[PDB]
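Source file: target-v8.cif (mmCIF, C-alpha atoms)
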data_query
#
loop_
_atom_site.label_atom_id
_atom_site.label_comp_id
_atom_site.auth_asym_id
_atom_site.auth_seq_id
_atom_site.Cartn_x
_atom_site.Cartn_y
_atom_site.Cartn_z
CA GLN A 1 113.15 126.81 73.78
CA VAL A 2 110.37 124.73 75.51
CA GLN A 3 107.23 125.39 77.64
CA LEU A 4 105.71 123.19 80.44
CA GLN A 5 102.06 122.70 81.58
CA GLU A 6 100.40 120.75 84.48
CA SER A 7 96.81 119.33 84.64
CA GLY A 8 94.50 116.78 86.39
CA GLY A 9 95.96 117.76 89.85
CA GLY A 10 93.45 117.44 92.74
CA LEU A 11 92.60 116.00 96.20
CA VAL A 12 90.43 112.82 96.59
CA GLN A 13 89.48 110.63 99.62
CA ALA A 14 90.21 106.89 100.26
CA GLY A 15 88.76 104.28 97.81
CA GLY A 16 88.45 107.06 95.13
CA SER A 17 90.64 107.69 92.02
CA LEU A 18 93.13 110.41 90.89
CA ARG A 19 94.72 111.23 87.46
CA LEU A 20 97.90 113.37 87.09
CA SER A 21 99.70 114.80 84.00
CA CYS A 22 102.61 116.96 82.80
CA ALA A 23 102.95 118.24 79.19
CA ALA A 24 105.77 119.97 77.25
CA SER A 25 105.73 122.04 73.99
CA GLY A 26 108.61 121.89 71.44
CA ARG A 27 110.67 119.05 69.83
CA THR A 28 113.91 119.22 71.95
CA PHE A 29 112.43 117.08 74.83
CA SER A 30 115.23 114.53 73.98
CA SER A 31 117.55 116.86 76.07
CA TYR A 32 114.98 117.63 78.88
CA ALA A 33 114.56 115.01 81.65
CA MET A 34 111.32 115.03 83.70
CA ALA A 35 111.64 113.94 87.37
CA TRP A 36 108.84 113.11 89.88
CA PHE A 37 109.26 113.55 93.67
CA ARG A 38 107.03 113.01 96.78
CA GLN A 39 106.91 114.91 100.11
CA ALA A 40 105.25 112.92 102.95
CA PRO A 41 104.61 114.93 106.23
CA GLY A 42 107.03 114.15 109.13
CA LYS A 43 109.58 112.51 106.67
CA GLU A 44 112.22 113.53 104.07
CA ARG A 45 111.47 113.91 100.29
CA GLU A 46 111.79 110.83 98.00
CA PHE A 47 111.98 110.05 94.23
CA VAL A 48 108.99 108.48 92.35
CA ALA A 49 109.91 108.36 88.62
CA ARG A 50 112.76 109.29 86.20
CA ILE A 51 111.48 110.18 82.70
CA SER A 52 113.96 110.22 79.77
CA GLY A 53 113.01 112.23 76.62
CA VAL A 54 114.73 109.67 74.28
CA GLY A 55 112.39 106.84 75.50
CA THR A 56 115.25 104.66 76.97
CA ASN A 57 116.37 103.82 80.59
CA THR A 58 113.19 105.16 82.36
CA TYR A 59 112.56 104.34 86.10
CA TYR A 60 109.35 104.18 88.28
CA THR A 61 108.06 102.83 91.68
CA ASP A 62 107.51 99.02 91.46
CA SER A 63 105.21 98.88 94.59
CA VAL A 64 102.29 100.19 92.38
CA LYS A 65 103.06 98.02 89.25
CA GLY A 66 99.75 96.69 87.79
CA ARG A 67 97.72 98.98 90.21
CA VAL A 68 98.44 102.26 88.30
CA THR A 69 98.71 103.14 84.56
CA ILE A 70 101.72 105.16 83.24
CA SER A 71 101.52 106.61 79.66
CA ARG A 72 104.40 108.40 77.83
CA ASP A 73 104.72 109.71 74.22
CA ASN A 74 107.97 110.92 72.52
CA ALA A 75 105.95 112.28 69.50
CA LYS A 76 103.73 114.60 71.70
CA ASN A 77 106.21 115.09 74.63
CA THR A 78 103.49 114.37 77.27
CA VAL A 79 103.07 112.21 80.45
CA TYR A 80 99.86 110.81 82.05
CA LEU A 81 99.44 108.76 85.30
CA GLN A 82 96.18 107.09 86.51
CA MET A 83 95.65 105.90 90.14
CA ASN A 84 92.72 103.96 91.74
CA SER A 85 91.74 102.96 95.34
CA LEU A 86 93.75 105.71 97.16
CA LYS A 87 94.94 104.93 100.77
CA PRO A 88 96.53 106.84 103.77
CA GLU A 89 100.11 106.01 102.53
CA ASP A 90 99.34 108.13 99.37
CA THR A 91 98.87 111.29 101.60
CA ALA A 92 101.63 113.57 100.24
CA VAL A 93 102.55 116.50 97.96
CA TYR A 94 103.72 115.31 94.49
CA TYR A 95 106.03 117.48 92.32
CA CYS A 96 107.16 117.32 88.65
CA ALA A 97 110.07 119.36 87.15
CA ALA A 98 112.21 119.36 83.94
CA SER A 99 116.05 119.75 83.66
CA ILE A 100 118.71 119.85 80.89
CA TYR A 101 120.38 116.39 80.35
CA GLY A 102 122.16 114.00 77.89
CA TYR A 103 121.97 110.50 79.52
CA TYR A 104 121.66 109.09 83.12
CA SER A 105 121.31 106.10 85.48
CA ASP A 106 119.88 108.56 88.14
CA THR A 107 118.32 112.08 87.78
CA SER A 108 120.54 113.12 90.78
CA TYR A 109 123.27 114.01 88.18
CA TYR A 110 120.80 116.64 86.73
CA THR A 111 118.83 117.74 89.91
CA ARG A 112 120.73 121.10 90.34
CA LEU A 113 118.36 124.09 90.82
CA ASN A 114 120.13 125.97 87.95
CA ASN A 115 119.74 122.93 85.58
CA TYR A 116 115.93 122.75 86.20
CA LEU A 117 114.35 124.98 83.50
CA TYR A 118 110.87 124.75 85.14
CA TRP A 119 109.79 123.45 88.61
CA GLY A 120 106.98 123.74 91.26
CA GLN A 121 103.14 123.61 90.80
CA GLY A 122 102.90 120.56 93.16
CA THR A 123 99.69 118.52 93.81
CA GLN A 124 98.63 117.86 97.44
CA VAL A 125 96.59 114.62 98.01
CA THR A 126 94.10 114.89 100.96
CA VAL A 127 92.96 111.41 102.20
CA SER A 128 90.17 110.71 104.78
CA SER A 129 89.01 107.48 106.59
#
Mind converting the file's structure to structure tokens?
Amino acid sequence: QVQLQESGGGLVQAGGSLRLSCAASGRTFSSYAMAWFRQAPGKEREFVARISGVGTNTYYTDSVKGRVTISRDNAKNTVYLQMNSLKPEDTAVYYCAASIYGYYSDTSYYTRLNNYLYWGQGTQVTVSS
């Protein structure tokens, strides 16, 4: 058995900063994959990051490399992201969810709605000027 929690979620204007996090309780996170997705208005949904509970073969968006911080801990089973100088292209709803897994090259093998143990609680980002 595991529990999930979400924090830091909020809406901040252009040139400001935003910090996002997901946390899990229990020691079996090595069989629960976290996945991050983005919904931009007028477009289809896209993937952002693929988080593996064993600490191996993780994926993330390279377009923000060195502009954001990404922190992950397999002892605590927690995830923290930090973002600075927000822009109009960041205007979206972000989602995080956790599903039962063993190993992957893509979270699409474990993105079934029955295999997600916990999902929703998305963060909308409202940008101005």
Query - Matched chain/residue IDs from the PyMOL selection byres ((chain A and resi 80-84) around 9), as a ChimeraX atom specification - result: /A:15-23,67-72,78-79,85-86
Requested in this report: List, as a ChimeraX atom specification, every residue that the PyMOL selection byres ((chain A and resi 90) around 12) selects in the file provided.
Outcome: /A:11-18,38-41,48,63-64,83-89,91-94,123-128
Query raised in the report: Using all atoms listed in the file, which residue out of A:108, A:129, A:99, A:3 lies closest to residue 46 (chain A)?
Result: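 Checking each candidate against residue 46 (chain A), we get A:108 as the closest.
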**Report entry** Matched chain/residue IDs from the PyMOL selection byres ((chain A and resi 59) around 9), as a VMD selection string
**Finding:** chain A and resid 48 to 52 57 to 58 60 to 61 105 to 106
**Report entry** Point-to-point distance in Å for CA of residue 45 (chain A) and CA of residue 102 (chain A)
**Finding:**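 Spanning CA of residue 102 (chain A) to CA of residue 45 (chain A) is a straight-line distance of 24.8 Å.
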Query - Nearby residues (all atoms listed in the file) at most 7 Å from residue 95 (chain A), same-chain spacing under 6 positions excluded, as a VMD selection string - result: chain A and resid 36 to 38 120 to 123
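Note that CA of residue 115 (chain A) and CA of residue 101 (chain A) are 8.4 Å apart.
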**Report entry** A:117, A:56, A:107, A:112 ranked by distance to residue 2 (chain A), top pick (using all atoms listed in the file)
**Finding:**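 Of A:117, A:56, A:107, A:112, the one nearest residue 2 (chain A) is A:117, counting all atoms listed in the file.
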Report task. Quick one: everything within 8 Å of residue 118 (chain A), counting only C-alpha atoms, minus sequence neighbours fewer than 3 positions away in the same chain. Send it as a list in words. Result ->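 What passes the distance filter is residues 4, 97, 98 and 99 of chain A.
The shortest atom-to-atom distance to residue 100 (chain A), with all atoms listed in the file taken into account, belongs to A:32 out of A:62, A:74, A:44, A:32.
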**Report entry** Residues within 10 Å of residue 28 (chain A), only C-alpha atoms, excluding chain neighbours under 3 positions, as a list in words
**Finding:** residues 1, 2, 24, 25, 31, 32, 53, 54 and 77 of chain A
Query raised in the report: So how far away is CA of residue 10 (chain A) from CA of residue 113 (chain A), in Å?
Result: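 It comes out at 25.9 Å.
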Query raised in the report: Which is closer to residue 30 (chain A) than all the others in A:5, A:73, A:55, A:114, using only C-alpha atoms?
Result: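 Of the candidates, the smallest distance to residue 30 (chain A) is held by A:55.
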Query raised in the report: With only C-alpha atoms as the atoms that count, which of A:96, A:66, A:119, A:110 lies nearest to residue 35 (chain A)?
Result: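 Closest residue, counting only C-alpha atoms: A:96.
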Region 76-111 of chain A from the block above, N, CA, C and O atoms, as a short mmCIF file (atom, residue, chain, number, x, y, z; two decimals), in the first residue's frame, please?
data_model
loop_
_atom_site.label_atom_id
_atom_site.label_comp_id
_atom_site.auth_asym_id
_atom_site.auth_seq_id
_atom_site.Cartn_x
_atom_site.Cartn_y
_atom_site.Cartn_z
N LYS A 76 13.45 8.89 0.33
CA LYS A 76 12.22 9.59 0.78
C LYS A 76 11.00 9.30 -0.09
O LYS A 76 9.87 9.43 0.39
N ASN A 77 11.21 8.94 -1.36
CA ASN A 77 10.20 8.75 -2.41
C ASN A 77 9.43 10.06 -2.70
O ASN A 77 8.20 10.15 -2.61
N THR A 78 10.20 11.12 -3.01
CA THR A 78 9.69 12.48 -3.28
C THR A 78 10.35 13.12 -4.51
O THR A 78 11.46 12.76 -4.90
N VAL A 79 9.64 14.07 -5.13
CA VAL A 79 10.02 14.77 -6.36
C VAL A 79 9.76 16.27 -6.21
O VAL A 79 8.66 16.67 -5.83
N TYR A 80 10.75 17.11 -6.56
CA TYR A 80 10.66 18.57 -6.54
C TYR A 80 11.21 19.18 -7.84
O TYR A 80 12.32 18.83 -8.27
N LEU A 81 10.47 20.10 -8.45
CA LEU A 81 10.86 20.88 -9.63
C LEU A 81 10.83 22.38 -9.31
O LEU A 81 9.90 22.86 -8.67
N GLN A 82 11.83 23.13 -9.78
CA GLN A 82 11.92 24.59 -9.61
C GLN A 82 12.10 25.29 -10.97
O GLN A 82 13.00 24.93 -11.72
N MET A 83 11.25 26.28 -11.26
CA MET A 83 11.20 27.00 -12.54
C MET A 83 11.28 28.52 -12.32
O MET A 83 10.62 29.07 -11.44
N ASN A 84 12.08 29.21 -13.14
CA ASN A 84 12.28 30.66 -13.09
C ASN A 84 12.04 31.31 -14.47
O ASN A 84 12.18 30.65 -15.51
N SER A 85 11.71 32.60 -14.48
CA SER A 85 11.42 33.40 -15.68
C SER A 85 10.37 32.76 -16.60
O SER A 85 10.63 32.47 -17.78
N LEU A 86 9.17 32.53 -16.05
CA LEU A 86 8.02 31.98 -16.79
C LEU A 86 7.65 32.84 -18.01
O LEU A 86 7.76 34.07 -17.97
N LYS A 87 7.19 32.20 -19.09
CA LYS A 87 6.84 32.81 -20.39
C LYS A 87 5.49 32.28 -20.93
O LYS A 87 5.00 31.27 -20.43
N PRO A 88 4.89 32.89 -21.98
CA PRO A 88 3.59 32.47 -22.52
C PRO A 88 3.52 31.00 -22.96
O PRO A 88 2.48 30.36 -22.79
N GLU A 89 4.63 30.41 -23.43
CA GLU A 89 4.70 28.99 -23.82
C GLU A 89 4.55 28.01 -22.62
O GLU A 89 4.22 26.84 -22.82
N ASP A 90 4.73 28.49 -21.38
CA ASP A 90 4.47 27.72 -20.15
C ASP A 90 2.98 27.73 -19.71
O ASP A 90 2.64 27.07 -18.73
N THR A 91 2.10 28.44 -20.43
CA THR A 91 0.66 28.53 -20.11
C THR A 91 -0.04 27.21 -20.42
O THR A 91 -0.36 26.90 -21.57
N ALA A 92 -0.26 26.40 -19.38
CA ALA A 92 -0.82 25.06 -19.49
C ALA A 92 -1.43 24.58 -18.16
O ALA A 92 -1.27 25.23 -17.12
N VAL A 93 -2.06 23.40 -18.17
CA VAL A 93 -2.30 22.60 -16.96
C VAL A 93 -1.30 21.44 -16.92
O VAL A 93 -1.21 20.67 -17.88
N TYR A 94 -0.55 21.31 -15.83
CA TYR A 94 0.37 20.20 -15.56
C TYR A 94 -0.29 19.16 -14.65
O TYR A 94 -0.95 19.52 -13.68
N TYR A 95 -0.06 17.88 -14.94
CA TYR A 95 -0.59 16.75 -14.17
C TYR A 95 0.54 15.79 -13.77
O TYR A 95 1.43 15.52 -14.58
N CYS A 96 0.46 15.22 -12.56
CA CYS A 96 1.28 14.09 -12.13
C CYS A 96 0.40 12.93 -11.61
O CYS A 96 -0.61 13.15 -10.93
N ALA A 97 0.78 11.70 -11.95
CA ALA A 97 0.07 10.47 -11.59
C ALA A 97 1.05 9.30 -11.40
O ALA A 97 2.15 9.33 -11.97
N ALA A 98 0.67 8.29 -10.62
CA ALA A 98 1.51 7.11 -10.34
C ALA A 98 0.84 5.78 -10.71
O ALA A 98 -0.31 5.53 -10.32
N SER A 99 1.55 4.92 -11.44
CA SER A 99 1.06 3.61 -11.91
C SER A 99 2.01 2.45 -11.59
O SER A 99 3.22 2.62 -11.46
N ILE A 100 1.43 1.25 -11.45
CA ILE A 100 2.18 0.00 -11.19
C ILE A 100 3.07 -0.33 -12.40
O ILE A 100 2.58 -0.35 -13.53
N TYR A 101 4.36 -0.61 -12.17
CA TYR A 101 5.34 -0.98 -13.22
C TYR A 101 6.45 -1.93 -12.73
O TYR A 101 6.61 -2.17 -11.53
N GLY A 102 7.25 -2.46 -13.67
CA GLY A 102 8.50 -3.18 -13.41
C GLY A 102 9.74 -2.48 -14.00
O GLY A 102 10.65 -2.09 -13.27
N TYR A 103 9.75 -2.30 -15.33
CA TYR A 103 10.75 -1.53 -16.09
C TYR A 103 10.16 -1.01 -17.42
O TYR A 103 9.26 -1.65 -17.98
N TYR A 104 10.65 0.13 -17.93
CA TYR A 104 10.22 0.72 -19.21
C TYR A 104 11.31 1.50 -19.96
O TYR A 104 12.27 2.01 -19.37
N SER A 105 11.09 1.67 -21.27
CA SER A 105 11.66 2.74 -22.11
C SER A 105 10.69 3.92 -22.36
O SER A 105 11.11 5.01 -22.74
N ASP A 106 9.39 3.72 -22.09
CA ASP A 106 8.32 4.72 -22.21
C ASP A 106 7.18 4.37 -21.23
O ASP A 106 6.74 3.22 -21.16
N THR A 107 6.68 5.35 -20.47
CA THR A 107 5.54 5.17 -19.55
C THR A 107 4.23 4.81 -20.27
O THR A 107 3.28 4.39 -19.61
N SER A 108 4.16 4.91 -21.60
CA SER A 108 3.01 4.46 -22.41
C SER A 108 2.65 2.98 -22.24
O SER A 108 1.49 2.61 -22.39
N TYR A 109 3.61 2.12 -21.85
CA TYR A 109 3.35 0.72 -21.50
C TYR A 109 2.60 0.54 -20.15
O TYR A 109 2.05 -0.53 -19.89
N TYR A 110 2.55 1.59 -19.33
CA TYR A 110 1.94 1.62 -17.98
C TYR A 110 1.02 2.84 -17.76
O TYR A 110 0.82 3.28 -16.63
N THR A 111 0.44 3.39 -18.84
CA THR A 111 -0.46 4.58 -18.81
C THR A 111 -1.96 4.22 -18.85
O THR A 111 -2.82 5.09 -19.04
#
